[PDB]
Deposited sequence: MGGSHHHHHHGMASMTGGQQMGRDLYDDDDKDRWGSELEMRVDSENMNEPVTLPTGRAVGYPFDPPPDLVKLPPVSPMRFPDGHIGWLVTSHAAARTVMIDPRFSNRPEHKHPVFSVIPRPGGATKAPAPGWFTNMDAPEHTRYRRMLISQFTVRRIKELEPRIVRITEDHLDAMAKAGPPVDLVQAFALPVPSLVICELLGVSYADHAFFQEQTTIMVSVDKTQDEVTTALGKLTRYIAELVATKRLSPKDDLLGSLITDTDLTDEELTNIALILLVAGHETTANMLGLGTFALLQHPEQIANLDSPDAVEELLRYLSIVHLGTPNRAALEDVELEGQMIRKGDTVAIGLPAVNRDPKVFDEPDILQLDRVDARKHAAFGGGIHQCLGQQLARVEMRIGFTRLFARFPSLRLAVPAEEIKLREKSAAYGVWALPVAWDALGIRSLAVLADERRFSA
C-alpha cells in the first residue's frame, strides 16, 4: 500500500508527482487512520468512481484522505458530502440559480472587474505580484457580487477560505475558520431575509423554502469554492503560459481554457474520493464494500489512453474536453460555467494588455501550494515593458 503521493519534481511545477504517475491504474493506498483502500490514476477507472451509484460521498462511509475535516451526518445544506436523494434537493435548487441568464448577465461585470485590475497594474507599474494584483481579487470580487456578500470584508474571507482548503492545518484551526465564516454569513442571511435582492443568495431566499441554516451552509460552500479555484487557475495558468510562450498565440482557441484545466489539474490530492457501498471491480482489482477509493486527477488528466501527447500543454489540441478537472457525476463542479467565463476573460485580457509579461524572478523561485487541496502559486512576481 502506498501513501498518497505528494512531491512535485523541482523544475516540473505543472506535472504530477512522479510517485503518482508511476503507479498502476488502481493501487492499494494507506489512509492516515490505517484504512487500506485505493488510489486510482486511470481515466476510465476515475470515471466509474465518479459516476457509478455504488459509490458514496458520505463521511459516515469514508475514511478521510486527510485527517482534518472542514465541516460543521452532514448538516442541512452541507450538500457536498451528501448522496442522492438528499444531495439532489440542494443540487437542483443551485442549478436553477447557476442559469444561462445569470452567467450571461454577469459577464460584463467580470469584464469590467478584470479590466479595472489591469488598469491598477498599469498604474503601479512593474513588477507586481500577480497573485495579489489580479489572480486573487478578480474572482474574489466576482463571487462576492454573485452571492451579495460585501467585498469590503475580502481580506477576512480570503484568510478563512485558505484555511478551509488547506491540508496543512489542525482540526482546531479549521473549526475556527469555519466558525468565523458561519457566524459572518448567518448574519448576512438574516439581513437579506429583510431586503430582497436578485443575487444568487437573495434568489435562493425568494424562490425556495431553504432554512437560514441551509442558506448559511450553501453560501459558505460557494464562498470557499469561489475564492480557492479560479484564483489558483489564473496564477498557475499564467505561470504555465509564461513557461510555454509559444502557446500564448493559441489562447483564442475554443478549448484553450479546457486545456489549461486538464494540464494543471489544481484539485490535485486524492479528490474526488468515494466509499464503495458494494464490491466493485475496477481495472485489475476488486474494490470491497467499505473501501475508500481516492482519485489522482493530475494523473487521470495525463492518461495516454485518452490524450495525444498528454504531457504537452497544447491549447489547440482536439481532445481537451475529455479532461476530468471538474470531477464527474452528480457532484461534478457546480461553478464550471462561471469559472470558465472568468478564466477566458482573465487570461485573454491579461495577455492582451501586457503582451510582454514575464516572470520577474527565476522560475525556480516560484513557491507552490503543495500543502493546499487546491494547487497553485503562493506568489508570482511579474514584469513587462512599461
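In this entry, the deposited residues absent from the coordinate set span 1-49, 122-126, 441-457.
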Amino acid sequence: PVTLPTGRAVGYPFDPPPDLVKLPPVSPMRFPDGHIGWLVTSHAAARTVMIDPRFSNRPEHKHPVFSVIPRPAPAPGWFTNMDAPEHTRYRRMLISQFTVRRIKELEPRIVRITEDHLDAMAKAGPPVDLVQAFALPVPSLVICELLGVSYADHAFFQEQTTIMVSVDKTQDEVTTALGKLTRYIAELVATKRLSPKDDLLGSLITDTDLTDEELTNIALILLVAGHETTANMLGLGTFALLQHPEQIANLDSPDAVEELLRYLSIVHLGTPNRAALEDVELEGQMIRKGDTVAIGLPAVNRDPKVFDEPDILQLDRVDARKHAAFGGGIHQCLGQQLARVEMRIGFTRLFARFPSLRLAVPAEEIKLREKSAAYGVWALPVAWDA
From here on, numbers count along this sequence of modelled residues.
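Relative to its counterpart among 254-262 and 78-86, 78-86 has the higher mean temperature factor, C-alpha atoms as listed in the PDB entry. Here the stretch with the larger average CA B-factor, out of 358-366 and 17-25, is 17-25. Highest CA B-factor among 70, 335, 346, 327, as stated in the entry: 70. The top Cα temperature factor in the record, among 203, 238, 217, 292, falls on 292.
Ranked against the other modelled residues of its chain, the C-alpha B-factor of residue 121 as given in the entry falls in the lowest third. Ranked by Cα temperature factor within the chain, residue 127 sits in the lowest third according to the deposited record. In the deposited entry, the Cα temperature factor of residue 314 places it in the middle third of its chain's modelled residues. Among the modelled residues of the chain, residue 323 sits in the lowest third by CA temperature factor in this PDB entry. When the CA B factors of the chain's modelled residues are split into thirds, the value for residue 136 lands in the lowest one.
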